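**Q** Below: one structure in structure tokens.
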Amino acid sequence: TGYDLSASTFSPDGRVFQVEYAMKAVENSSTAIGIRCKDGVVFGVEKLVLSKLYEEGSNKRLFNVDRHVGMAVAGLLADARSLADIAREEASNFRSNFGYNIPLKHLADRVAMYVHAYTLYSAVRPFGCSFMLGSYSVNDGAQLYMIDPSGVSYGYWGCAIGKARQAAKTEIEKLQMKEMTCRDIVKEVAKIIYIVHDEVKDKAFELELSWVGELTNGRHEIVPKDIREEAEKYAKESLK
Amino acid sequence: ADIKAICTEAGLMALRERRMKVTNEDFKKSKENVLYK
Amino acid sequence: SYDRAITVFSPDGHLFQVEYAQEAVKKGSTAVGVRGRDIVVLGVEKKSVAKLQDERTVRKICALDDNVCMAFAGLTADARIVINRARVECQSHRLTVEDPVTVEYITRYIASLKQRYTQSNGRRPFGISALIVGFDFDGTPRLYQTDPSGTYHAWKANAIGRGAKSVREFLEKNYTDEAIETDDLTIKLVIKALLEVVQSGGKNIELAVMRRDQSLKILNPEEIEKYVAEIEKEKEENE
Amino acid sequence: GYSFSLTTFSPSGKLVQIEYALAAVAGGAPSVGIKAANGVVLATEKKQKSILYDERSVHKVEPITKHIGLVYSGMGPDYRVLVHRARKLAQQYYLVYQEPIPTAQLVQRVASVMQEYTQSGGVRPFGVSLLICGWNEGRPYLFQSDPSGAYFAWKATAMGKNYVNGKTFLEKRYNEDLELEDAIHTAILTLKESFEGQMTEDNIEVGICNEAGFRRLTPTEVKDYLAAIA
Amino acid sequence: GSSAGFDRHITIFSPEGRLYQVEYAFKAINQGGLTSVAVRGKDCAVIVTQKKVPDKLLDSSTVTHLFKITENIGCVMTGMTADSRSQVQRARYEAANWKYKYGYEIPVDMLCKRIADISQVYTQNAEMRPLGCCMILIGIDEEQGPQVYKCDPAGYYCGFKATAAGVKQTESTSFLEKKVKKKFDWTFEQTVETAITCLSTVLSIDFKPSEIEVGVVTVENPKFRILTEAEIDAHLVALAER
Amino acid sequence: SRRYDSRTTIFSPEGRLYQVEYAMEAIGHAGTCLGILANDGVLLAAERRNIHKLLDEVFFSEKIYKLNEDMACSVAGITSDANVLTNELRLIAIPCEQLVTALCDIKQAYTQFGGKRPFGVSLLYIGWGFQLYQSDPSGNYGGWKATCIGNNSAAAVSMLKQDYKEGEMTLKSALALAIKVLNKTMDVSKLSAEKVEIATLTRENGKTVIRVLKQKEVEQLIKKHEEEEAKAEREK
Amino acid sequence: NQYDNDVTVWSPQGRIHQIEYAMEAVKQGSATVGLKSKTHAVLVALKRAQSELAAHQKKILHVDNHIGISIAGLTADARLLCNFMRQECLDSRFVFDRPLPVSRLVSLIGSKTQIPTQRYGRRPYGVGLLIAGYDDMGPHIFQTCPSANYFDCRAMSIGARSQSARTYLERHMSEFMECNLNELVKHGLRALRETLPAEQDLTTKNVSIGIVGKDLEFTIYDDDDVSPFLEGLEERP
Amino acid sequence: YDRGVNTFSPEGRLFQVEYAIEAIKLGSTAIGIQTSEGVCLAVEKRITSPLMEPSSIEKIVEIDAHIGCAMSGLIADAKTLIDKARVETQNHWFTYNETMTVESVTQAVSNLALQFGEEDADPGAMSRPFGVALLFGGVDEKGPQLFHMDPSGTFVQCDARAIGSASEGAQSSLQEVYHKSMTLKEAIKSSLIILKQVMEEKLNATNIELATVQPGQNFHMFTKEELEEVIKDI
């Protein structure tokens with residue numbers, strides 16, 4: 001009909017279809033959940049292996065845009081990596097100008113505007129990835145923001161992005177995330193990922209785990225393998 | 001078509017003036033009708 | 001800036017914008033050039049001669065330099081840009097090499113300028129074809145023809161314009177060493193070639209000549225009418 | 001940005017986008033300008049769709065210099081862009097000549113801006129027609145700048161909705177001996193024929209130019225003029 | 001409703017003189033499904049909008065359509081959330097630039113008059129789409145007093161005694177028009193009450209002190225503040241008791 | 001971008017520039033503009049289409065513009081595009097042919113590269129020897145002894161092709177010829193002075209004089225021609 | 001369709017057809033196999049000849065002293081990418097006086113290739129790269145896609161009929177780590193044999209092998225130098 | 001049209017690149033043979049009129065004293081590629097005081113191909129591919145070498161490559177006559193035999209071009225007298 005071929009054209013109902021179509025790429029990717037607990041944020045991504053040939057660590061959907069802010073992505077991975085570099089350069093510029101680690105609220109509000117800038121013109125296409133940014137500091141506290149391809153950034157207590165987002169959200173709501181800590185959440189984040197995974201559908205997933213909290217001194221790090229395996233065992237046992 | 005229209009109109013000018021012989025003035029007034037206006 | 005690919009390859013492998021530009025050449029007035037022994041000749045059909053038109057301003061034969069002149073066929077506005085561009089480069093070559101430009105060089109530059117417009121963003125091809133004539137520094141007469149694609153060839157005698165095919169067929173049969181023996185015979189060959197497509201006669205013929213160590217000379221209508229009488233006279237004795 | 005012209009010639013030799021821009025002008029609020037012997041008047045229908053709108057917040061009749069005024073008929077946002085450009089252009093003339101810009105000179109500069117958007121790439125013509133009034137050399141001036149960029153010197157004209165009948169009304173009601181006050185009376189009368197409902201001091205905007213310069217009539221002043229109508 | 005060419009895809013005129021792309025941006029304001037109401041009183045201006053938190057997972061402290069453009073100027077955004085933040089960020093930059101360049105706080109009228117100028121370019125150049133958001137600035141002027149200005153995607157702008165934007169804009173406009181007809185210079189308490197009532201009556205929600213956001217500017221304190229749930233509950237309690 | 005591009009500066013399959021031809025159609029619907037060369041001066045008679053009786057008469061001429069001290073021009077087509085070309089024309093100004101060629105290079109540029117629409121203006125130039133020039137949106141320019149552009153230009157050129165005695169014309173003969181040619185071209189049977197616009201260029205005291213004939217002077221030309229035409233009626 | 005003419009148009013199914021169309025250029029290219037061990041990372045390529053009177057198109061290109069790639073797709077696009085990675089590897093030596101890590105290089109070409117897949121009028125790099133390198137982290141085999149998405153692979157095969165080699169690589173992926181250099185190259189040659197038709201065979205003319213190891217520079221082997229590797233493997237059943 | 005220049009087909013083909021490849025089939029047939037004694041280049045002028053001077057049709061171009069190029073397809077497009085080749089050469093000589101290898105010269109010209117774009121390109125950037133196939137032939141450290149270039153930027157060394165209108169027919173005949181160990185005289189003779197069979201006109205010393213680059217000797221344009229000597233046989 002021609003109303004959906006550009007991001008600079010509005011549908012007669014006032015909706016930008018190119019941005020909506022870009023959101024569909026996120027809904028075709030594997031789910032990535034992030035839960036904000038009392039003293040941090042834990043990121044869990046269901047990372048499938050399309051073949052046994054890829055090494056353990058390929059297609060890392062968990063990025064480190066700053067020493068205190070993580071990034072869990074869903075959708076097209078190339079634009080996820082490009083937005084990770086944009087988030088990386090936004091944090092570096094903030095430190096090089098103001099002299100301290102960039103707040104998550106400002107980082108989310110800054111990267112989202114770059115994402116939004118690609119949803120206005122026909123010269124560029126909207127980003128095909130949605131990502132969650134998590135951080136922890138003693139002053140600001142645990143924060144978790146999700147930015148969609150349109151450019152909407154909202155703080156979250158538990159968020160899920162991907163094809164199993166809707167099922168994952170229901171499992172997150174059961175959790176009393178405002179009271180438990182990171183060490184307890186990492187077990188549940190694994191459990192939610194294993195529950196929403198479809199074994200008859202696309203199978204052979206690798207559980208990617210990351211967190212940032214007071215137990216890491218406000219530093220976003222990959223969950224240690226020893227804790228990660230313990231979380232994996234708890235998740236597998238929960239499926240009976 | 002313009003040539004035939006020039007001649008046909010030129011004869012019509014002679015028919016108006018009740019003549020069988022088409023003059024240059026009849027053809028001259030013919031061009032200003034079919035080609036112009 | 002407008003950066004759009006006007007000239008692109010057709011699926012068959014043709015540059016249609018180049019081909020369409022060549023079609024505009026086929027709608028222009030017939031220009032005929034004959035390269036003789038000691039003289040080079042350019043003959044251009046004057047299309048329609050309105051009595052109220054200043055014949056000086058409308059001129060399809062222009063001198064790029066003191067030893068090189070060309071006649072074009074196509075879009076009149078497009079040609080003038082090429083002529084001015086060539087005229088500027090004629091002086092640039094003269095200031096650098098301290099020698100008048102050879103007929104190859106100004107033909108090569110014009111053809112290269114034409115090709116650049118068939119492979120540049122935002123530019124449509126020039127819709128004119130040029131008949132470049134002149135003398136080199138050694139006095140060798142040279143005649144060259146360029147087309148909107150950007151290709152150039154040397155011709156003993158050639159025609160461009162609406163009646164190019166018929167005149168070139170005529171030139172294929174009458175261009176001999178005898179027919180270019182003298183300057184007058186070389187002049188008569190162009191008129192014979194031009195009269196094949198020009199209907200009324202010498203009134204619609206604009207002929208300009210250039211001799212060795214001499215500037216471009218435009219023939220007055222009486223001189224052309226004098227020549228036309230000779231061909232008409234020579235036609236009777238051959239019957 | 002797009003580098004290709006969005007206004008092109010139709011096969012019948014018309015700039016079609018310009019004609020559609022003029023259609024937007026014909027759908028705008030009526031604007032009437034009358035050039036009297038001692039001044040010029042500019043009147044327009046500043047009627048809002050509710051009482052919630054602040055009438056005095058946005059003015060359709062805006063001054064350009066101390067002696068030049070604008071009033072439009074067409075798209076509101078497009079007129080504010082042309083107001084700033086005209087005010088910028090007047091300052092450029094004032095800076096280099098140290099003399100207030102002539103009314104005629106401003107129209108040419110403003111119409112050149114309007115013409116540019118007809119030929120420039122990736123842009124549409126302004127959907128307004130500018131009625132320009134001024135006072136130079138002790139003589140009143142009134143001009144109209146169409147979306148196409150062509151400017152006409154008008155003794156009395158009307159634009160916007162119902163402008164065809166408004167022009168006819170001015171034909172039988174205007175003479176070169178009209179004074180400024182009678183021109184205001186005639187300008188209000190021209191609006192009234194195209195006006196629907198009742199004309200208050202707030203739903204119409206009047207601005208006049210004389211030797212003292214251009215000033216927009218306050219709602220109190222317009223009320224006094226409106227009383228003479230009834 | 002005639003069309004000729006790309007008059008529905010780029011900001012070019014229709015045969016009848018219409019910009020459909022700009023019109024479609026107005027329908028984009030209703031895509032969020034939220035209604036905002038702004039009411040101006042004798043010495044205060046109030047912006048009221050509904051906040052929807054579909055799930056407890058969302059941090060309700062972040063879902064805010066009320067933005068502090070500067071200390072003395074606040075706005076409520078209706079439409080696309082992504083486009084709204086860009087306008088707010090653009091409005092903040094222009095407010096800061098005005099303070100630096102001119103030495104005094106930017107007037108409310110000139111703030112959108114700039115913003116409407118930016119959004120007008122979107123309606124004239126065809127390589128970008130209009131921002132599908134509506135901006136309503138409220139602030140206390142030095143001399144004119146309380147000011148309310150709606151700032152639409154088309155580059156239009158006007159002052160308002162009481163305005164509304166969103167899905168229920170015309171339903172709320174009729175309600176506010178009736179209240180203004182009574183010609184009452186409302187106090188600060190009354191302006192909040194009529195703003196809450198306007199959103200309450202039109203939507204028929206009977207608001208709780210977690211479902212709307214109230215931002216007020218008063219002459220006594222010409223600064224823009226967000227009403228807390230405790231402060232917002234006092235007005236809702238006052239509404240219920242009367 | 002590619003979708004919305006009209007591709008103004010491209011070639012039609014027949015080798016034609018459609019935008020140039022369509023612009024040339026706009027001039028055909030414009031006001032009639034004449035130009036006649038004489039031995040002592042050049043004139044430029046243009047049909048006035050701004051003939052509304054509420055139109056103020058403030059400018060020196062409506063379609064006749066002075067480019068430099070030695071040159072005057074008249075336009076036909078989009079009047080807004082004419083202002084751009086006339087403003088540029090004064091910037092370049094110098095010989096008459098040089099000025100026309102310089103502008104025609106600008107006009108040809110819009111028909112070859114840039115993607116913009118061509119300048120839909122045809123101009124008639126008069127200057128000091130005495131010469132008359134006509135330009136087209138394609139940038140094609142040519143000198144003329146007598147030529148016309150605008151409404152019924154073909155009809156006017158035919159009249160000039162028959163009644164322009166080459167070489168043996170003064171201003172008075174050329175001025176009278178302009179009125180007679182304008183009379184048939186115009187739909188008005190009277191052709192009052194308010195619907196026409198005549199400007200004459202002459203050399204006086206070693207200086208070029210560009211003067212627009214007053215309404216009183218034109219009425220004498222209309223009166224003289226109508227009596228001269230009525231004199232021919234006495235023959236029949 | 002209307003969603004496949006540009007790389008900036010999202011299909012209603014959340015796909016970019018121009019990106020996927022550029023991905024098919026790799027599938028049109030000849031098969032290359034890249035596999036690694038605990039100490040080596042080799043590349044085995046099957047060169048193609050347009051005619052028997054023309055040479056076989058080179059498929060393995062030397063990028064740096066420790067990094068080597070095998071191309072698959074548009075040769076001109078491969079040179080544009082290979083020159084870029086050559087410059088970036090050279091720039092690391094000029095600044096840090098250290099070899100550029102392979103993981104840190106593919107990220108750069110994964111971001112360099114992402115820009116054209118998002119801007120109007122640009123096209124994705126119609127080439128697929130199999131990057132083999134050695135650094136402090138050990139041997140690496142990276143596969144580069146025209147979609148600007150790269151994979152850190154134990155053993156990958158790209159090109160025409162490459163999935164037949166992916167099967168062989170998957171079956172014998174367990175014995176890749178502990179096998180020596182000679183056995184590692186033979187596995188790639190055996191894997192590359194699966195991409196050939198039944199009547200064809202691995203010959204010195206159409207086989208190129210590139211090796212990078214712990215103490216070994218990246219060297220490319222050709223017709224004369226493939227003989228020490230080709231004679232070991234037995235004829236296929 | 002709606003399609004841009006840098007657009008991929010559903011089969012992974014660059015549309016403009018494939019279309020430019022079809023343009024070569026409309027050009028004249030060029031034959032290049034690589035021989036241990038040297039590289040021979042043959043091409044047909046395709047005279048279309050007796051008045052046209054055959055000397056003006058230069059389809060074999062001296063790139064340098066040790067390398068020559070034969071062109072087919074759009075001759076006007078090859079001038080830009082030839083000029084860059086003649087500029088890239090003498091730039092290697094300026095900086096390294098040595099003659100550039102034939103492979104490197106072809107590689108440099110190949111990079112010019114595919115450097116065409118519509119948006120986000122330099123003002124001097126090209127808009128369409130070069131619809132000309134080049135046949136570089138010369139002598140270097142590796143001895144005589146013949147390289148074939150196509151509008152796709154793909155260059156490859158060829159023992160005996162025929163490009164142009166009769167590329168399909170001449171290549172089949174080339175395979176039937178080419179052996180690795182022959183003399184240059186046989187290579188010149190065989191190229192003329194194949195050309196004579198594929199030309200529309202009759203083969204003579206004025207409608208063809210023959211070029212040889214021998215080791216020690218320089219690039220040499222065969223004259224009419226030299227051409228008549230080999231044509232008089234067959």
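Labeling convention for the structure tokens: chains A, B, ... as they appear, residues from 1 per chain, ligands from 1 in order of appearance.
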Taking only C-alpha atoms into account, which residues of chain H are within 6 Å of chain C, as number ranges by chain?

**A** H: 19-20, 22-23, 51-53, 56, 76, 118, 126-128

**Q** Using only C-alpha atoms, determine which residues of chain E fall within 10 Å of chain F; present them as a list in words.

**A**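 Selected residues: residues 5, 6, 9, 10, 126 and 127 of chain E.
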
**Q** Residues within 10 Å of residue 50 in chain E, please, as a list in words. Count only C-alpha atoms; anything in the same chain fewer than 4 positions from it doesn't count.

**A** residues 33, 34, 35, 36, 37, 64, 65, 196, 199, 200, 203, 207, 210, 211, 212, 213 and 214 of chain E

**Q** I need the residue nearest chain F from this list: A:122, A:87, A:62, A:57. Use only C-alpha atoms for the distance.

**A**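 Of A:122, A:87, A:62, A:57, the one nearest chain F is A:122, counting only C-alpha atoms.
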
**Q** Could you pull the residues within 9 Å of residue 233 in chain G, counting only C-alpha atoms, minus those fewer than 6 positions along the same chain, as JSON, numbers by chain?

**A** {"G": [186, 187, 189, 190]}

**Q** Give me, as a VMD selection string, the residues of chain A touching chain G, with the criterion being at most 10 Å (counting only C-alpha atoms).

**A** chain A and resid 1 to 2 4 to 7 17 to 28 51 to 60 75 to 82 85 118 121 to 128

**Q** Can I get the selected residues back with C-alpha atoms, as a PDB file, in the first residue's frame?

**A**
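Written file, selection23.pdb:
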ATOM      1  CA  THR A   1       0.000   0.000   0.000  1.00  0.00           C
ATOM      2  CA  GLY A   2       3.086   2.189   0.322  1.00  0.00           C
ATOM      3  CA  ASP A   4       4.879   0.992   5.393  1.00  0.00           C
ATOM      4  CA  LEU A   5       7.952   1.398   3.159  1.00  0.00           C
ATOM      5  CA  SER A   6       9.553   4.251   5.131  1.00  0.00           C
ATOM      6  CA  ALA A   7       9.938   5.470   8.698  1.00  0.00           C
ATOM      7  CA  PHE A  17       4.733   0.576  10.456  1.00  0.00           C
ATOM      8  CA  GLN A  18       8.490   0.450   9.836  1.00  0.00           C
ATOM      9  CA  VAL A  19       9.050   0.853  13.575  1.00  0.00           C
ATOM     10  CA  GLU A  20       6.356  -1.756  14.237  1.00  0.00           C
ATOM     11  CA  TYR A  21       7.942  -4.122  11.710  1.00  0.00           C
ATOM     12  CA  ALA A  22      11.314  -3.627  13.406  1.00  0.00           C
ATOM     13  CA  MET A  23       9.691  -4.645  16.698  1.00  0.00           C
ATOM     14  CA  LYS A  24       8.711  -7.946  15.067  1.00  0.00           C
ATOM     15  CA  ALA A  25      12.393  -8.853  14.709  1.00  0.00           C
ATOM     16  CA  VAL A  26      12.682  -8.661  18.501  1.00  0.00           C
ATOM     17  CA  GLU A  27       9.632 -10.922  18.847  1.00  0.00           C
ATOM     18  CA  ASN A  28      11.362 -13.485  16.598  1.00  0.00           C
ATOM     19  CA  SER A  51      24.600 -25.606  15.469  1.00  0.00           C
ATOM     20  CA  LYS A  52      27.070 -27.496  17.631  1.00  0.00           C
ATOM     21  CA  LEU A  53      29.908 -25.831  15.693  1.00  0.00           C
ATOM     22  CA  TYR A  54      29.668 -22.462  17.463  1.00  0.00           C
ATOM     23  CA  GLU A  55      31.921 -22.164  20.496  1.00  0.00           C
ATOM     24  CA  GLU A  56      30.620 -21.661  24.026  1.00  0.00           C
ATOM     25  CA  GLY A  57      30.458 -17.871  24.129  1.00  0.00           C
ATOM     26  CA  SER A  58      29.606 -17.021  20.539  1.00  0.00           C
ATOM     27  CA  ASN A  59      26.768 -14.560  19.914  1.00  0.00           C
ATOM     28  CA  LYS A  60      27.076 -13.083  23.399  1.00  0.00           C
ATOM     29  CA  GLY A  75      16.447  -9.137  18.023  1.00  0.00           C
ATOM     30  CA  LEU A  76      18.982  -8.528  15.271  1.00  0.00           C
ATOM     31  CA  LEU A  77      22.422  -8.998  16.813  1.00  0.00           C
ATOM     32  CA  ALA A  78      24.323  -6.622  14.510  1.00  0.00           C
ATOM     33  CA  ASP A  79      22.188  -3.639  15.528  1.00  0.00           C
ATOM     34  CA  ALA A  80      22.430  -4.872  19.116  1.00  0.00           C
ATOM     35  CA  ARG A  81      26.221  -4.689  18.863  1.00  0.00           C
ATOM     36  CA  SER A  82      26.023  -1.289  17.160  1.00  0.00           C
ATOM     37  CA  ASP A  85      28.948   0.560  20.952  1.00  0.00           C
ATOM     38  CA  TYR A 118      16.497   6.303  13.410  1.00  0.00           C
ATOM     39  CA  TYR A 121      13.715   9.577   8.441  1.00  0.00           C
ATOM     40  CA  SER A 122      13.530   7.506   5.271  1.00  0.00           C
ATOM     41  CA  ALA A 123      17.325   7.749   4.956  1.00  0.00           C
ATOM     42  CA  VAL A 124      17.757   5.241   7.809  1.00  0.00           C
ATOM     43  CA  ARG A 125      15.894   2.259   9.201  1.00  0.00           C
ATOM     44  CA  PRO A 126      14.778   1.649  12.800  1.00  0.00           C
ATOM     45  CA  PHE A 127      17.036  -0.537  14.907  1.00  0.00           C
ATOM     46  CA  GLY A 128      15.890  -4.143  14.951  1.00  0.00           C
TER      47      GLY A 128
END

**Q** Looking at only C-alpha atoms, which of H:58, H:103, H:120, H:77 is the one that sits closest to chain D?

**A**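 Checking each of H:58, H:103, H:120, H:77 against chain D, counting only C-alpha atoms, the winner is H:120.
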
**Q** Got a sec: who's within 8 Å of residue 100 in chain H, counting only C-alpha atoms, leaving out chain neighbours fewer than 5 positions off, as a list in words?

**A** residues 89, 92, 93, 105 and 140 of chain H

**Q** Among range 12-89 of chain C, which residues carry a DSSP assignment of alpha helix (DSSP H), reported as a list in words?

**A**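 Answer for range 12-89 of chain C, restricted to alpha helix (DSSP H): residues 16, 17, 18, 19, 20, 21, 22, 23, 24, 25, 76, 77, 78, 79, 80, 81, 82, 83, 84, 85, 86, 87, 88 and 89 of chain C.
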
**Q** Could you please determine the separation between CA of residue 215 in chain A and CA of residue 171 in chain A in Å, to one decimal place?

**A**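 Distance between the two atoms: 24.8 Å.
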
**Q** For residue 149 in chain F, work out the shell of residues within 7 Å, counting only C-alpha atoms and skipping chain neighbours fewer than 5 positions away, then give it as a ChimeraX atom specification.

**A** /F:32-34,76

**Q** With C-alpha atoms kept, could you save the residues just selected as a short mmCIF file (atom, residue, chain, number, x, y, z; two decimals), in the first residue's frame?

**A**
data_model
loop_
_atom_site.label_atom_id
_atom_site.label_comp_id
_atom_site.auth_asym_id
_atom_site.auth_seq_id
_atom_site.Cartn_x
_atom_site.Cartn_y
_atom_site.Cartn_z
CA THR F 32 2.02 37.97 -25.18
CA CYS F 33 5.44 39.62 -25.46
CA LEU F 34 6.66 41.24 -28.68
CA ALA F 76 6.72 35.45 -20.13
#

**Q** Quick one: residues within 10 Å of residue 224 in chain H, only C-alpha atoms, excluding same-chain residues fewer than 2 positions away - as a list in words?

**A** residues 204, 205, 206, 208, 209, 210, 221, 222, 226, 227, 228, 229 and 231 of chain H

**Q** Check which residues of chain H sit at most 9 Å from chain F using only C-alpha atoms, and return one row each with the closest pair of atoms and their distance in Å to one decimal, ordered by chain and rising number, as a tab-separated table.

**A**
residue	atom	partner	partner_atom	distance
H:1	CA	F:2	CA	7.6
H:2	CA	F:2	CA	5.9
H:3	CA	F:2	CA	7.9
H:4	CA	F:2	CA	7.8

**Q** Limited to N, CA, C and O atoms, could you put the picked residues into a file as a short mmCIF file (atom, residue, chain, number, x, y, z; two decimals), in the first residue's frame?

**A**
data_model
loop_
_atom_site.label_atom_id
_atom_site.label_comp_id
_atom_site.auth_asym_id
_atom_site.auth_seq_id
_atom_site.Cartn_x
_atom_site.Cartn_y
_atom_site.Cartn_z
N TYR H 1 14.68 3.91 -12.10
CA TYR H 1 13.54 3.16 -11.58
C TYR H 1 13.58 3.14 -10.06
O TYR H 1 14.36 3.86 -9.44
N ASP H 2 12.72 2.31 -9.46
CA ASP H 2 12.71 2.18 -8.00
C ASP H 2 14.02 1.58 -7.49
O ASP H 2 14.51 1.96 -6.43
N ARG H 3 14.58 0.63 -8.23
CA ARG H 3 15.81 -0.03 -7.81
C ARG H 3 16.98 0.94 -7.80
O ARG H 3 17.12 1.78 -8.69
N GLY H 4 17.83 0.81 -6.78
CA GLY H 4 19.08 1.53 -6.76
C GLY H 4 20.19 0.77 -7.48
O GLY H 4 20.03 -0.36 -7.91
#

**Q** Can you tell me, as a ChimeraX atom specification, which residues in range 81-216 of chain F count as strand (DSSP E or B) by DSSP?

**A** /F:113,121-127,131-135,141-144,146-149,196-204,207-212

**Q** Return the neighbours of chain G among the residues of chain H, cut-off 10 Å, counting only C-alpha atoms, as a PyMOL selection string.

**A** chain H and resi 2-14+33-34+107+110-115+117-121+146-148+152-161+171-172+174-175+178-180

**Q** Select from chain D every residue with an atom at most 12 Å from any atom of chain H, then for each give the shortest pair of atoms and their distance in Å to one decimal, using only C-alpha atoms, rows by chain and rising number, as CSV.

**A**
residue,atom,partner,partner_atom,distance
D:1,CA,H:119,CA,11.3
D:2,CA,H:119,CA,11.0
D:3,CA,H:119,CA,11.1

**Q** Could you tell me which residues of chain C sit within 7 Å of chain F when counting only C-alpha atoms, and give me the result as a count of residues only?

**A** 18
